[PDB]
Amino acid sequence: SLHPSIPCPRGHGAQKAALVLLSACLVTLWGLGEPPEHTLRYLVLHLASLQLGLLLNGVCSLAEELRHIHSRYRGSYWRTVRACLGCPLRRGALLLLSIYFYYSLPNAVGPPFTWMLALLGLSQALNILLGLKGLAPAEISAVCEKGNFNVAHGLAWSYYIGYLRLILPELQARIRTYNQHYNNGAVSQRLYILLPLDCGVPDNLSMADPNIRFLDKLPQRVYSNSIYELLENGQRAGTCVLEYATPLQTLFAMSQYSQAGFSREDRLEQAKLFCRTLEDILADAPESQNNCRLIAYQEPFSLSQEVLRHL
Amino acid sequence: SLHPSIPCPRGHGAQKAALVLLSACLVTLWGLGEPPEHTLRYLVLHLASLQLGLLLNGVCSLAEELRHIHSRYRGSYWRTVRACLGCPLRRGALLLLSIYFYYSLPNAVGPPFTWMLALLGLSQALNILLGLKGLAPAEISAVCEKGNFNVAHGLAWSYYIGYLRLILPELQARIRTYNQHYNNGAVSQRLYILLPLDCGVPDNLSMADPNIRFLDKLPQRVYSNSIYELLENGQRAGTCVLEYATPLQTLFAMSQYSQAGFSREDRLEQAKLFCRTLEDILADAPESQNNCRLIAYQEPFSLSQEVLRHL
Amino acid sequence: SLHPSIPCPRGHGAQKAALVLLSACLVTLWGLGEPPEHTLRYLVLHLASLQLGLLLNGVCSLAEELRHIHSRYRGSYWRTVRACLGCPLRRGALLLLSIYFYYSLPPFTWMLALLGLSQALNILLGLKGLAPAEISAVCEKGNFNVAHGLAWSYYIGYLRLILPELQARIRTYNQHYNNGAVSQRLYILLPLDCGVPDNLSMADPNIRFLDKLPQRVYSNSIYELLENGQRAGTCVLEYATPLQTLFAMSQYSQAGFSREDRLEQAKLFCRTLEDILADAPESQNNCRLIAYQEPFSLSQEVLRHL
Amino acid sequence: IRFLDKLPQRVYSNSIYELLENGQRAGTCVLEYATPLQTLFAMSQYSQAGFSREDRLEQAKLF
Ligand SMILES: CCn1nc(C)cc1C(=O)Nc1nc2cc(C(N)=O)cc(OC)c2n1C/C=C/Cn1c(NC(=O)c2cc(C)nn2CC)nc2cc(C(N)=O)cc(OCCCN3CCOCC3)c21
Ligand SMILES: CC1(C)C(=O)N(Cc2c(F)cccc2Cl)c2cc(C(=O)NCc3c(F)cc(F)cc3F)ccc21
Ligand SMILES: CC1(C)C(=O)N(Cc2c(F)cccc2Cl)c2cc(C(=O)NCc3c(F)cc(F)cc3F)ccc21
């Protein structure tokens, strides 16, 4: 909620839509007057073949994993099987049930037992080769976000453990010490971090806008925290410790290089993510509680307009 | 592995037994050769009955849970509903499938929908009033240990955060300083925490065994650690910084009191759980890098033998 | 009674719901009007199926627990059987009664095999999941909650050791000081969110540290209770350190202890501290608890408690 | 005379003083005591200086 464009955490609208659809199907089934028993022999058997599809896709997925076992799966075969087939004991019954359900269930439409394995494997291999059963980008982001496999989440936490977690416990003492020597505006006790969404980070801050000008270097294992003041038509409307977010600077440099495999669109994906991750780490943080605030924006307006409203 | 009587975390032998039972049931069902359509329909209707009974039980629970909305569930109806009925959308789908597969599919063994609902309500009411369907202590212990629902977990983590994490770093420096000055054997550089599983903590450590004798208290927020010299057949084989585990004494005192409702069997279970939790925490702790060594013993033997063998 | 948001001990509204459902069931059975022998037979067979399912689940649990026998059951198979199957005699009698009714009332073993397969499926997948409300109810009834242990250890280790001499030390300081006077009660602060700063000034500038109470050694602090810039009260403020421990527990990932878990355990810690200190011999109006949560003026609440 | 601000800056620190007349500012400047005038004073305190009060005032006039 820091910015109109920062993504929201994934809601349950998707499953809520499945409940919408599931009502329609049950109404349709009783609406068509189809024999209820024949309905059950198809939902289970069709899902039985679908669950048998993962076994064949698992073996194809497994054959490559057997060469990483000394390095990736700490030399254990159980981890190798667990990574490709999920929980073994959970999937062990579903395979036996799929075998038993198919081995005996009468089927108005459906191959016999030996004909089942013939057709099922061919589709599994064809999908692998053609990539037809690929991952949609919308669900690639959803799985990565839920699994926290994002370069942004790594940068945000490193930015916290390395830098913010170390200075903030002693920034209040350092700011209180600084204010005890100077008397005017007022130096805010909250650290300020600029978050240009498009990863546009100049090397210095005084080049960003003339309204923000350098004042002094806050006294300090050496942390050069540059305090700045704001200009509101020739008057200091506020002074605060405003700095850039180094990870957002490196994120821009990440996309430029040709060996990073980091697309221009991907940079915007992990630039908005870094702000939200840094929003919620500080919210629960003990040191960064009522001690820091973030300035997130996107230049299409002046920067100094946003800084003042946060003071 | 501190003592043979400290339990290991619950494994997945229950799932293995479930797999064995499923295989045996499948083999028996195939051997007897009953019509598979009957098998499938009966199994589906049984699952439907179980799900609907769970729904009615959850409704009975939610009836009292309506008065807890403002306090225990932060005043939102949907959180209360999820707490009573589990996953809202998943349970909705399962119950809709149960409703369809009962109101449409036939059932030789099973009432009509209204009379089935009456019977199910009666059974749920009886199971709630008489508590006939209840959790055996094994499931309760398993759920508590998986979800960390134990007083021992709290005592162990409090012991780590409050006391151990604030002395283990400086204890090595204190021991080195005390060894540099007093050249009168040698002092071990690790604190040897005692964990009496019987929860018998006397005021004097020398009264546990005459061989353990109070030699000195190590010089120093005010932590007083007493080092004890160890007599092997009347000869001092050495010395080490030794002390009891206060949370075990507090556990015994809790057991004595009449408001804890914390019996001797429960006291022993939580004592062993606390010892295991402390072992795990100290093993994974970054501060305790070979800085402390737990000595868990149960009186069935001289403590001097065990402490020396660890020295 | 401690605070509006503190969860009350679980009441018997569930039994009210059970009575309502029982009345509705009796009314509808009377209305439909079917031979009651068939209803009784179906009910008894349903109970027998439930008992057989419990037997299968207990057998699986026992197959799990057989390897814990030398640490959880003193090497006695009887304790393992009782743990996995409830009360031994009662459960055995129930099982034989259910099996006898199963054999008596009008496939015989095929039904049992199907029931066993269904039980195995429920064990593996987990459709017979434990609702979080019922988990909390069982934990509170049996007192397996972390907050229970934390509060009881806080009582045995810290509160019970200093309350009997706190009033004497306060009186000594009262002779040492003169006109205001410090109250003879300990005011333990219990922030529900468990966010405790190191010093009260950071939490609230309206509260000023005054002095340390005279003195294992125990150090306590007396705080100025400023109001409108004037001194309005003096009482001993001391954060409940177990709440700080709970926050640190929720911080680390090895605790398996979520944020809502921390909040609920904070509420239970406050409520069971109320229960301990309500009837304790060492609590004779020399200790008063403060519980609040910022949606704030702590000093206003403390003065209201004075 | 009240301390108002420190002039921005080897390393030196100077103060600007709010010259108040009738409770209102009449002017501003940078005031700075002569630090030797302390050293001449702290000689007179010490018995090793051989530098008495009559000499302290007499010399501080020359300085
Ligand atoms: C069992 C009590 N309890 N249950 C819960 C839940 C919370 C507390 C609790 O907090 N009690 C507490 N709070 C105090 C505050 C002050 C003060 N003036 O501030 C002084 C006190 O008395 C000295 C305080 N006490 C009592 C003694 C406390 C700490 N302590 C412990 N703790 C445990 O064993 C234990 C058991 C469980 C379970 N969890 N823990 C860890 C918390 N072992 C010790 C052994 C030695 C020794 N052999 O030398 C010296 C100790 O004290 C020096 C530390 C002083 N520090 C402590 C905190 O920070 C500020 C001051 C020891
Ligand atoms: C949901 C519904 C009605 C449906 O739409 N189909 C698609 C479909 C066919 F597959 C086959 C014919 C018609 C339709 Cl119409 C389906 C299939 C089954 C089934 O049992 N398939 C066995 C099976 C295969 F047919 C091919 C294979 F490679 C493996 C395999 F294991 C059950 C229910 C359905
Ligand atoms: C696995 C098998 C054969 C089995 O063992 N039972 C237990 C049982 C009874 F519950 C009821 C009668 C006989 C048996 Cl024998 C069962 C039940 C159904 C079923 O559809 N039950 C609906 C249903 C009821 F019948 C009564 C009720 F109060 C609620 C309710 F929701 C299907 C298959 C089985």
# chains A, B, ... in the order shown; residues from 1 in each chain; ligands from 1
call {"tool": "residues_around", "arguments": {"residues": "stretch 9-24 of chain B", "least_positions_apart": "5", "cutoff": "7 Å", "atoms": "only C-alpha atoms", "output": "PyMOL selection string"}}
result
(chain A and resi 89+93) or (chain C and resi 60-61+63-64+117+120+123-124)
call {"tool": "calpha_fit_rmsd", "arguments": {"fixed": "chain A", "moving": "chain B"}}
result
1.0 Å
call {"tool": "residues_near_ligand", "arguments": {"ligand": "ligand 3", "cutoff": "6 Å", "atoms": "only C-alpha atoms and all ligand atoms", "output": "mmCIF file with N, CA and C atoms, in the first residue's frame"}}
result
data_model
loop_
_atom_site.group_PDB
_atom_site.id
_atom_site.type_symbol
_atom_site.label_atom_id
_atom_site.label_comp_id
_atom_site.auth_asym_id
_atom_site.auth_seq_id
_atom_site.Cartn_x
_atom_site.Cartn_y
_atom_site.Cartn_z
ATOM 1 N N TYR B 42 -19.948 -47.157 -2.699
ATOM 2 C CA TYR B 42 -19.973 -47.246 -1.244
ATOM 3 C C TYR B 42 -18.867 -46.406 -0.624
ATOM 4 N N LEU B 43 -17.660 -46.458 -1.195
ATOM 5 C CA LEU B 43 -16.557 -45.669 -0.655
ATOM 6 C C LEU B 43 -16.841 -44.178 -0.770
ATOM 7 N N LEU B 45 -19.790 -42.709 -0.925
ATOM 8 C CA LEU B 45 -20.851 -42.332 0.004
ATOM 9 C C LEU B 45 -20.354 -42.321 1.445
ATOM 10 N N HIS B 46 -19.453 -43.241 1.798
ATOM 11 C CA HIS B 46 -18.870 -43.232 3.136
ATOM 12 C C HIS B 46 -18.058 -41.964 3.372
ATOM 13 N N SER B 49 -20.487 -39.152 3.895
ATOM 14 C CA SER B 49 -21.063 -39.159 5.234
ATOM 15 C C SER B 49 -20.076 -38.611 6.253
ATOM 16 N N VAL B 109 -27.076 -49.230 1.472
ATOM 17 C CA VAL B 109 -26.864 -49.007 2.896
ATOM 18 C C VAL B 109 -26.718 -47.510 3.167
ATOM 19 N N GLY B 110 -27.835 -46.861 3.482
ATOM 20 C CA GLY B 110 -27.852 -45.435 3.698
ATOM 21 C C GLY B 110 -29.246 -44.856 3.574
ATOM 22 N N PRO B 111 -29.587 -43.936 4.471
ATOM 23 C CA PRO B 111 -30.944 -43.383 4.500
ATOM 24 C C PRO B 111 -31.179 -42.429 3.342
ATOM 25 N N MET B 116 -31.226 -39.325 6.399
ATOM 26 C CA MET B 116 -29.786 -39.369 6.632
ATOM 27 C C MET B 116 -29.314 -38.139 7.394
ATOM 28 N N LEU B 119 -30.315 -38.632 11.010
ATOM 29 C CA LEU B 119 -29.452 -39.598 11.683
ATOM 30 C C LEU B 119 -28.073 -39.013 11.951
ATOM 31 N N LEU B 120 -27.525 -38.281 10.980
ATOM 32 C CA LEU B 120 -26.201 -37.693 11.134
ATOM 33 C C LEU B 120 -26.192 -36.629 12.221
ATOM 34 N N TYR C 42 -29.283 -48.542 12.024
ATOM 35 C CA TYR C 42 -28.371 -47.682 11.275
ATOM 36 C C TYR C 42 -27.458 -46.893 12.204
ATOM 37 N N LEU C 43 -28.008 -46.348 13.293
ATOM 38 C CA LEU C 43 -27.186 -45.591 14.233
ATOM 39 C C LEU C 43 -26.117 -46.472 14.867
ATOM 40 N N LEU C 45 -24.842 -49.289 13.655
ATOM 41 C CA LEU C 45 -23.843 -49.654 12.657
ATOM 42 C C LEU C 45 -22.910 -48.488 12.350
ATOM 43 N N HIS C 46 -23.440 -47.265 12.329
ATOM 44 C CA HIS C 46 -22.591 -46.091 12.154
ATOM 45 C C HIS C 46 -21.588 -45.971 13.295
ATOM 46 N N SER C 49 -18.916 -48.626 12.852
ATOM 47 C CA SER C 49 -17.952 -48.230 11.830
ATOM 48 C C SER C 49 -16.986 -47.184 12.366
ATOM 49 N N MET C 111 -17.219 -55.146 3.612
ATOM 50 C CA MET C 111 -17.475 -53.834 4.195
ATOM 51 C C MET C 111 -16.332 -53.415 5.111
ATOM 52 N N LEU C 114 -13.340 -52.357 3.036
ATOM 53 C CA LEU C 114 -13.555 -51.019 2.492
ATOM 54 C C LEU C 114 -13.364 -49.954 3.565
ATOM 55 N N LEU C 115 -13.851 -50.218 4.777
ATOM 56 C CA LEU C 115 -13.668 -49.270 5.871
ATOM 57 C C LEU C 115 -12.190 -49.093 6.200
#
call {"tool": "residues_around", "arguments": {"residues": "residue A:307", "least_positions_apart": "5", "cutoff": "12 Å", "atoms": "only C-alpha atoms", "output": "VMD selection string"}}
result
chain A and resid 188 191 to 195 209 211 to 212 228 to 232 237 to 243 293 to 297 302
call {"tool": "write_last_selection", "arguments": {"atoms": "N, CA, C and O atoms", "output": "JSON list (two decimals), in the first residue's frame"}}
result
[["chain", "number", "residue", "atom", "x", "y", "z"],
["A", 188, "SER", "N", 14.82, 14.96, 11.32],
["A", 188, "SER", "CA", 13.96, 13.85, 11.68],
["A", 188, "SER", "C", 14.78, 12.67, 12.18],
["A", 188, "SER", "O", 15.92, 12.46, 11.76],
["A", 191, "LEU", "N", 15.23, 7.31, 9.38],
["A", 191, "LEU", "CA", 16.02, 7.16, 8.17],
["A", 191, "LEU", "C", 15.10, 7.12, 6.96],
["A", 191, "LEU", "O", 14.02, 6.52, 7.00],
["A", 192, "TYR", "N", 15.52, 7.77, 5.88],
["A", 192, "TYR", "CA", 14.74, 7.85, 4.65],
["A", 192, "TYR", "C", 15.48, 7.13, 3.54],
["A", 192, "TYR", "O", 16.69, 7.33, 3.36],
["A", 193, "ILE", "N", 14.76, 6.31, 2.79],
["A", 193, "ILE", "CA", 15.33, 5.52, 1.70],
["A", 193, "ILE", "C", 14.53, 5.81, 0.44],
["A", 193, "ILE", "O", 13.31, 5.64, 0.42],
["A", 194, "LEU", "N", 15.22, 6.26, -0.60],
["A", 194, "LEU", "CA", 14.57, 6.53, -1.88],
["A", 194, "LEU", "C", 14.43, 5.24, -2.68],
["A", 194, "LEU", "O", 15.35, 4.42, -2.72],
["A", 195, "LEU", "N", 13.28, 5.06, -3.31],
["A", 195, "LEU", "CA", 12.97, 3.85, -4.07],
["A", 195, "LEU", "C", 12.42, 4.22, -5.44],
["A", 195, "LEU", "O", 11.20, 4.12, -5.68],
["A", 209, "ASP", "N", 17.44, 16.64, -7.66],
["A", 209, "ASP", "CA", 16.56, 17.80, -7.67],
["A", 209, "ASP", "C", 17.21, 18.92, -6.88],
["A", 209, "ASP", "O", 17.76, 18.65, -5.80],
["A", 211, "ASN", "N", 15.88, 21.11, -5.09],
["A", 211, "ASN", "CA", 15.20, 21.32, -3.82],
["A", 211, "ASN", "C", 15.85, 20.55, -2.68],
["A", 211, "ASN", "O", 15.70, 20.95, -1.52],
["A", 212, "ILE", "N", 16.56, 19.47, -2.98],
["A", 212, "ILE", "CA", 17.26, 18.68, -1.98],
["A", 212, "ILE", "C", 18.74, 18.99, -2.09],
["A", 212, "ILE", "O", 19.34, 18.82, -3.16],
["A", 228, "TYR", "N", 20.27, 15.37, 4.44],
["A", 228, "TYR", "CA", 19.86, 16.33, 3.42],
["A", 228, "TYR", "C", 18.73, 17.18, 3.97],
["A", 228, "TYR", "O", 18.04, 16.81, 4.92],
["A", 229, "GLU", "N", 18.53, 18.34, 3.35],
["A", 229, "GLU", "CA", 17.43, 19.23, 3.68],
["A", 229, "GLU", "C", 16.68, 19.59, 2.40],
["A", 229, "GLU", "O", 17.21, 19.52, 1.30],
["A", 230, "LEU", "N", 15.42, 19.97, 2.58],
["A", 230, "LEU", "CA", 14.53, 20.24, 1.46],
["A", 230, "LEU", "C", 14.35, 21.74, 1.30],
["A", 230, "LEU", "O", 14.35, 22.49, 2.28],
["A", 231, "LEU", "N", 14.21, 22.18, 0.05],
["A", 231, "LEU", "CA", 14.00, 23.59, -0.27],
["A", 231, "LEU", "C", 12.56, 23.78, -0.75],
["A", 231, "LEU", "O", 12.14, 23.15, -1.73],
["A", 232, "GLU", "N", 11.82, 24.63, -0.05],
["A", 232, "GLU", "CA", 10.45, 24.98, -0.42],
["A", 232, "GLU", "C", 10.43, 26.48, -0.69],
["A", 232, "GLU", "O", 10.17, 27.28, 0.22],
["A", 237, "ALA", "N", 12.06, 23.65, 4.46],
["A", 237, "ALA", "CA", 10.81, 23.12, 5.00],
["A", 237, "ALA", "C", 11.03, 21.83, 5.78],
["A", 237, "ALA", "O", 10.13, 21.37, 6.48],
["A", 238, "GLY", "N", 12.21, 21.22, 5.64],
["A", 238, "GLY", "CA", 12.53, 20.03, 6.40],
["A", 238, "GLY", "C", 13.88, 19.44, 6.06],
["A", 238, "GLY", "O", 14.33, 19.51, 4.92],
["A", 239, "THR", "N", 14.55, 18.87, 7.07],
["A", 239, "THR", "CA", 15.82, 18.19, 6.88],
["A", 239, "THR", "C", 15.71, 16.78, 7.44],
["A", 239, "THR", "O", 15.14, 16.57, 8.52],
["A", 240, "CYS", "N", 16.25, 15.81, 6.71],
["A", 240, "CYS", "CA", 16.10, 14.41, 7.07],
["A", 240, "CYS", "C", 17.24, 13.61, 6.45],
["A", 240, "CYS", "O", 17.88, 14.05, 5.49],
["A", 241, "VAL", "N", 17.48, 12.43, 7.01],
["A", 241, "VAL", "CA", 18.53, 11.54, 6.52],
["A", 241, "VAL", "C", 18.01, 10.78, 5.32],
["A", 241, "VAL", "O", 17.44, 9.69, 5.46],
["A", 242, "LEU", "N", 18.20, 11.33, 4.13],
["A", 242, "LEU", "CA", 17.70, 10.75, 2.89],
["A", 242, "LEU", "C", 18.85, 10.13, 2.12],
["A", 242, "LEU", "O", 19.82, 10.82, 1.78],
["A", 243, "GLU", "N", 18.76, 8.83, 1.85],
["A", 243, "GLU", "CA", 19.77, 8.12, 1.08],
["A", 243, "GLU", "C", 19.09, 7.27, 0.01],
["A", 243, "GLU", "O", 17.87, 7.10, 0.00],
["A", 293, "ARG", "N", 11.36, 4.98, 7.18],
["A", 293, "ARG", "CA", 10.24, 5.09, 6.27],
["A", 293, "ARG", "C", 10.77, 5.14, 4.85],
["A", 293, "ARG", "O", 11.85, 5.69, 4.60],
["A", 294, "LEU", "N", 10.01, 4.58, 3.91],
["A", 294, "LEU", "CA", 10.45, 4.39, 2.54],
["A", 294, "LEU", "C", 9.75, 5.37, 1.61],
["A", 294, "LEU", "O", 8.57, 5.69, 1.79],
["A", 295, "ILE", "N", 10.49, 5.85, 0.62],
["A", 295, "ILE", "CA", 9.96, 6.76, -0.39],
["A", 295, "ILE", "C", 10.00, 6.01, -1.72],
["A", 295, "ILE", "O", 11.05, 5.91, -2.36],
["A", 296, "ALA", "N", 8.85, 5.50, -2.15],
["A", 296, "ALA", "CA", 8.74, 4.75, -3.39],
["A", 296, "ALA", "C", 7.90, 5.53, -4.39],
["A", 296, "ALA", "O", 6.79, 5.96, -4.07],
["A", 297, "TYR", "N", 8.44, 5.70, -5.60],
["A", 297, "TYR", "CA", 7.78, 6.49, -6.63],
["A", 297, "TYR", "C", 8.29, 6.03, -7.98],
["A", 297, "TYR", "O", 9.20, 5.20, -8.08],
["A", 302, "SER", "N", 7.58, 16.45, -9.03],
["A", 302, "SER", "CA", 8.88, 16.64, -8.39],
["A", 302, "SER", "C", 9.03, 15.67, -7.23],
["A", 302, "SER", "O", 8.06, 15.33, -6.56]]
call {"tool": "residues_near_ligand", "arguments": {"ligand": "ligand 1", "cutoff": "7 Å", "atoms": "only C-alpha atoms and all ligand atoms", "output": "VMD selection string"}}
result
(chain B and resid 155 to 156 158 to 163 221 to 225 246 to 247) or (chain C and resid 150 to 151 153 to 158 216 to 220 241 to 242)
call {"tool": "closest_atom_pairs", "arguments": {"of": "chain A", "to": "chain B", "cutoff": "10 Å", "atoms": "only C-alpha atoms", "output": "CSV"}}
result
residue,atom,partner,partner_atom,distance
A:12,CA,B:89,CA,9.4
A:15,CA,B:89,CA,7.1
A:16,CA,B:89,CA,7.1
A:18,CA,B:89,CA,8.8
A:19,CA,B:93,CA,6.8
A:22,CA,B:93,CA,7.5
A:23,CA,B:96,CA,8.2
A:26,CA,B:100,CA,7.2
A:27,CA,B:100,CA,9.4
A:29,CA,B:100,CA,9.5
A:30,CA,B:104,CA,8.0
A:35,CA,B:105,CA,8.6
A:36,CA,B:105,CA,5.6
A:37,CA,B:105,CA,6.5
A:38,CA,B:37,CA,9.7
A:39,CA,B:105,CA,9.6
A:40,CA,B:41,CA,8.1
A:41,CA,B:37,CA,8.2
A:44,CA,B:40,CA,9.5
A:89,CA,B:15,CA,6.5
A:90,CA,B:15,CA,8.0
A:92,CA,B:19,CA,7.3
A:93,CA,B:19,CA,6.4
A:96,CA,B:23,CA,7.7
A:97,CA,B:26,CA,8.3
A:100,CA,B:26,CA,7.4
A:101,CA,B:36,CA,8.4
A:103,CA,B:30,CA,9.6
A:104,CA,B:36,CA,6.3
A:105,CA,B:36,CA,5.9
A:106,CA,B:37,CA,7.7
call {"tool": "residues_around", "arguments": {"residues": "stretch 4-11 of chain D", "least_positions_apart": "4", "cutoff": "8 Å", "atoms": "only C-alpha atoms", "output": "tab-separated table (two decimals) with N, CA, C and O atoms, in the first residue's frame"}}
result
chain	number	residue	atom	x	y	z
A	182	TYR	N	23.49	21.37	16.96
A	182	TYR	CA	22.97	22.33	16.00
A	182	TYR	C	21.53	22.69	16.35
A	182	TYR	O	20.77	21.87	16.86
A	183	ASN	N	21.17	23.94	16.07
A	183	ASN	CA	19.82	24.45	16.31
A	183	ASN	C	19.37	25.22	15.07
A	183	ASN	O	19.70	26.40	14.91
A	184	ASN	N	18.61	24.54	14.21
A	184	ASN	CA	18.05	25.12	12.98
A	184	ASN	C	19.08	25.92	12.18
A	184	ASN	O	19.86	25.35	11.41
D	15	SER	N	30.74	30.02	16.86
D	15	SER	CA	29.35	30.19	17.24
D	15	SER	C	28.84	31.55	16.77
D	15	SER	O	29.61	32.52	16.71
D	16	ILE	N	27.56	31.61	16.44
D	16	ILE	CA	26.88	32.86	16.14
D	16	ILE	C	25.92	33.14	17.29
D	16	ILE	O	25.16	32.25	17.70
D	17	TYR	N	25.95	34.36	17.81
D	17	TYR	CA	25.22	34.70	19.02
D	17	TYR	C	24.10	35.68	18.74
D	17	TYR	O	24.27	36.65	18.00
D	18	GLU	N	22.94	35.41	19.33
D	18	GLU	CA	21.73	36.21	19.15
D	18	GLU	C	21.79	37.40	20.10
D	18	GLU	O	21.33	37.34	21.24
call {"tool": "residues_around", "arguments": {"residues": "stretch 128-136 of chain A", "least_positions_apart": "2", "cutoff": "12 Å", "atoms": "only C-alpha atoms", "output": "ChimeraX atom specification"}}
result
/A:53-54,56-61,121-126,138-144
call {"tool": "interface_residues", "arguments": {"of": "chain C", "to": "chain B", "cutoff": "6 Å", "atoms": "only C-alpha atoms", "output": "NGL selection string"}}
result
:C and (5-7 or 13-14 or 17-18 or 22 or 25 or 60-61 or 64 or 71 or 83-86 or 113 or 117 or 120 or 124 or 131-133 or 144-146 or 149-150 or 153 or 245)
call {"tool": "write_last_selection", "arguments": {"atoms": "N, CA and C atoms", "output": "compact mmCIF listing (two decimals), in the first residue's frame"}}
result
# COMPACT_ATOMS: atom_id res chain seq x y z
N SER C 5 -10.29 -7.65 25.04
CA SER C 5 -9.83 -8.54 23.99
C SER C 5 -9.26 -9.85 24.51
N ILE C 6 -9.10 -10.01 25.82
CA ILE C 6 -8.58 -11.26 26.36
C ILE C 6 -9.61 -12.36 26.17
N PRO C 7 -9.26 -13.50 25.57
CA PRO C 7 -10.24 -14.57 25.34
C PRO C 7 -10.73 -15.14 26.66
N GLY C 13 -21.32 -23.29 25.22
CA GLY C 13 -22.21 -23.06 24.10
C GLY C 13 -22.24 -24.23 23.14
N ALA C 14 -21.18 -25.04 23.14
CA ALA C 14 -21.18 -26.26 22.33
C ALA C 14 -22.24 -27.23 22.82
N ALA C 17 -25.50 -26.01 21.56
CA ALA C 17 -25.68 -26.42 20.17
C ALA C 17 -26.05 -27.89 20.08
N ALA C 18 -25.42 -28.73 20.90
CA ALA C 18 -25.74 -30.15 20.90
C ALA C 18 -27.19 -30.39 21.32
N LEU C 22 -30.03 -32.02 19.01
CA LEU C 22 -30.74 -33.19 19.51
C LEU C 22 -32.25 -32.97 19.46
N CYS C 25 -33.33 -33.14 15.82
CA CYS C 25 -33.32 -34.52 15.35
C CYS C 25 -34.52 -35.29 15.88
N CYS C 60 -2.41 -47.97 13.44
CA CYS C 60 -1.37 -47.25 12.70
C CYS C 60 -0.52 -46.41 13.64
N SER C 61 -1.15 -45.72 14.60
CA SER C 61 -0.40 -44.93 15.56
C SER C 61 0.54 -45.81 16.38
N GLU C 64 3.49 -46.66 14.52
CA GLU C 64 4.42 -45.53 14.57
C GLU C 64 5.19 -45.50 15.88
N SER C 71 11.58 -44.59 25.33
CA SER C 71 11.69 -43.21 25.78
C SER C 71 10.37 -42.58 26.17
N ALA C 83 -1.89 -45.23 25.11
CA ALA C 83 -1.75 -43.94 24.46
C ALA C 83 -2.36 -43.95 23.06
N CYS C 84 -2.11 -45.01 22.29
CA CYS C 84 -2.62 -45.07 20.93
C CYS C 84 -4.09 -45.47 20.86
N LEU C 85 -4.67 -45.99 21.94
CA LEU C 85 -6.03 -46.50 21.88
C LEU C 85 -6.91 -46.01 23.03
N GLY C 86 -6.54 -44.91 23.68
CA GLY C 86 -7.36 -44.43 24.78
C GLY C 86 -7.32 -45.35 25.98
N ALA C 113 -13.18 -54.41 4.96
CA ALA C 113 -12.02 -54.08 4.14
C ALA C 113 -12.15 -52.70 3.53
N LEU C 117 -9.65 -49.49 4.10
CA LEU C 117 -9.06 -48.70 3.02
C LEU C 117 -9.41 -47.22 3.17
N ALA C 120 -7.24 -45.79 5.85
CA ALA C 120 -5.88 -45.56 5.36
C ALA C 120 -5.80 -44.30 4.51
N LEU C 124 -3.52 -41.00 5.37
CA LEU C 124 -2.51 -40.48 4.46
C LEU C 124 -2.82 -39.05 4.03
N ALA C 131 -9.52 -29.35 13.19
CA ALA C 131 -9.82 -27.94 13.04
C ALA C 131 -9.00 -27.13 14.04
N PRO C 132 -8.47 -25.97 13.63
CA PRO C 132 -7.66 -25.17 14.57
C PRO C 132 -8.41 -24.78 15.83
N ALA C 133 -9.72 -24.53 15.74
CA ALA C 133 -10.48 -24.21 16.94
C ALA C 133 -10.48 -25.38 17.91
N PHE C 144 -1.42 -27.49 27.30
CA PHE C 144 -0.19 -27.76 26.55
C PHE C 144 0.32 -26.50 25.86
N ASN C 145 -0.25 -25.35 26.20
CA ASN C 145 0.09 -24.10 25.54
C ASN C 145 1.41 -23.58 26.07
N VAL C 146 2.21 -23.00 25.17
CA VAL C 146 3.51 -22.46 25.55
C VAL C 146 3.35 -21.39 26.62
N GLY C 149 3.35 -22.63 30.28
CA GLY C 149 4.66 -22.85 30.85
C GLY C 149 5.41 -21.56 31.12
N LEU C 150 5.35 -20.62 30.17
CA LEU C 150 6.07 -19.36 30.34
C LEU C 150 5.57 -18.61 31.57
N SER C 153 6.46 -20.50 34.92
CA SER C 153 7.87 -20.32 35.25
C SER C 153 8.17 -18.89 35.66
N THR C 245 10.36 -12.56 25.38
CA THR C 245 10.81 -13.88 24.96
C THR C 245 9.92 -14.45 23.87
call {"tool": "residues_around", "arguments": {"residues": "stretch 277-280 of chain C", "least_positions_apart": "3", "cutoff": "10 Å", "atoms": "only C-alpha atoms", "output": "MDAnalysis selection string"}}
result
(chainID B and resid 259) or (chainID C and resid 155 159:160 271:274 283:285 287:289)
